[PDB]
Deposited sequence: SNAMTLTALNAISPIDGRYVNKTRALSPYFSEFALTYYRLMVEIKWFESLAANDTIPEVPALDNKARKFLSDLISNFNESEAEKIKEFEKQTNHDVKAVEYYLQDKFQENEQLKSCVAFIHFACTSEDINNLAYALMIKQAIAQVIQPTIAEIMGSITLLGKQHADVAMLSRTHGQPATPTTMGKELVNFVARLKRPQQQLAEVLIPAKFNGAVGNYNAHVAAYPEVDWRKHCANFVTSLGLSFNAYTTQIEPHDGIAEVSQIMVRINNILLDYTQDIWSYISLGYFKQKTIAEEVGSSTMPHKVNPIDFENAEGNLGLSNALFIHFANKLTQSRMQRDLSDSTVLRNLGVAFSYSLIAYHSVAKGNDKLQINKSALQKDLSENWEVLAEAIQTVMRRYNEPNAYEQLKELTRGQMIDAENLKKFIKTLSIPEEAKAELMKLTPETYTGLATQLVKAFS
């Protein structure tokens, strides 16, 4: 396999864009996390007083186990792969590897029967996946989304006071500012971004079918529910007390849906930026002094990848949350694809950041449009009329706007014919589209 011959663009065309996820989602990562889980389980038994058959671990034993995790590499992963030759269960190959390693330590040599003690394969797998999700989000996904938010915020702040014609149903409307329109997207991102950071990833640890049966058979006297809760919560996960063989994956569905919400806001953003480029509101920043068009390719690339990511995330939320009776195995193969969904998202985020850095505001395009659309002041005139209790204020302005092409002159002429205080007239005669932006700039400044 080379990136040239890869079928998926995640490991092919975009291989350099997605590498950050490889330590979390890959056959190597899954092996690393299963190994970590098996060792940490064994350690939890050594740490428990009511399980005297596993003695407390001494300095040298702790370090040996610690070193298995920090020294884990391709070579060692291949060794575990070697053991898969013998087993029905991949997870069993990790137990075999550990049995092998325990021989190298005087104290551990003796304790091999307690590796994977009372566990089912899914006890190990669900924890491994819970940790992969938790860490991919904490180290890669949440920080990247934070960066995109900062990027759009910076653009919003910079263009806080840049007046702009609105378009509602595609057509000239009450003005805003470019920075306000940009800040609106960051405001939408805040809630699901915080939700993404805060979700504790669910995990269970309770034997074959969720009832600690084998645990209780061997150690009726150990408080297994307490032991397993403390084990799982020690890893920074959300202990699920109530499961079958599998953790039911509703937490994966929740995380998938948070990602969908984020991706859809960003989808909306890429489509609006593309429109602003189309209108010439942005040009390329970088003959050196001459204005040039910016190619919106990065936003179009993000747009395509955001949809692919959602396709998979939506599927996960729907499919993983049914499993026949105490479970069917059809979720296993699907879980190997969590990384693919996050990868399409990540590629999209990188594209948004890259496109954002190309944008330079084109003030003259924005000003041309405002100066051609004086009709957008009509509501200002109408609302001032209302204040002074003028009856048919809306109909009157509709009669005006539909009967002539409005500019400064006709507006002034209409205003004078109104029965409103002279000061009120004067203020309306000062109004221009570029100065009818309401609280747009104030809202941008207030935004954090």
**Study point:** Unmodelled intervals of the deposited chain, in order
**Key:** 1-5, 292-297
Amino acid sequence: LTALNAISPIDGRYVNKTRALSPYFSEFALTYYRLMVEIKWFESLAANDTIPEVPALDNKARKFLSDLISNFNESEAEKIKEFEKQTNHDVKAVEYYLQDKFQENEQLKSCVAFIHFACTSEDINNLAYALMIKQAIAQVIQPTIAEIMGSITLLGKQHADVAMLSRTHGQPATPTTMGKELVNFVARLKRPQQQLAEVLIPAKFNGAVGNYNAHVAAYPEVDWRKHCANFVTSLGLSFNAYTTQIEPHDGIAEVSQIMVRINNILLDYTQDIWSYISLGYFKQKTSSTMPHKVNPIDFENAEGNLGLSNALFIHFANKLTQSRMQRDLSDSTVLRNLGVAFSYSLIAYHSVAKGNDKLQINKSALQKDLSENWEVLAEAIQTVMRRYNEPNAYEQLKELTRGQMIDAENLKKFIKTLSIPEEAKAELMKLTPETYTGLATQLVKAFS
From here on, numbers count along this sequence of modelled residues.
Study note, to complete from the structure: Looking only at C-alpha temperature factors in the entry, 349-357 or 372-380, the higher average sits in 372-380
Check your understanding: In the PDB record, does 151-159 or 79-87 carry the higher mean Cα temperature factor?
Key -> 79-87
Study note, to complete from the structure: From the entry's CA B-factor values, the highest among 96, 239, 212, 219 is 96
Review point. Considering only 266, 290, 365, 178, which residue's Cα atom bears the greatest B-factor as recorded?
Key: 290
Exercise for review: Tell me, lowest, middle or highest third: where does the Cα B factor of residue 113 rank within its chain?
Suggested key: highest
Study note, to complete from the structure: Chain thirds by Cα B factor, record data; residue 71 belongs to the highest
Practice item. Can you work out whether the C-alpha temperature factor of residue 198 puts it in the lowest, middle or highest third of the chain? Key: middle
Review point. Thinking about Cα B factors across the chain, which third does residue 313 belong to?
Key: lowest
**Study point:** Ranked C-alpha temperature factor of residue 331 among modelled chain residues, by third
**Key:** middle
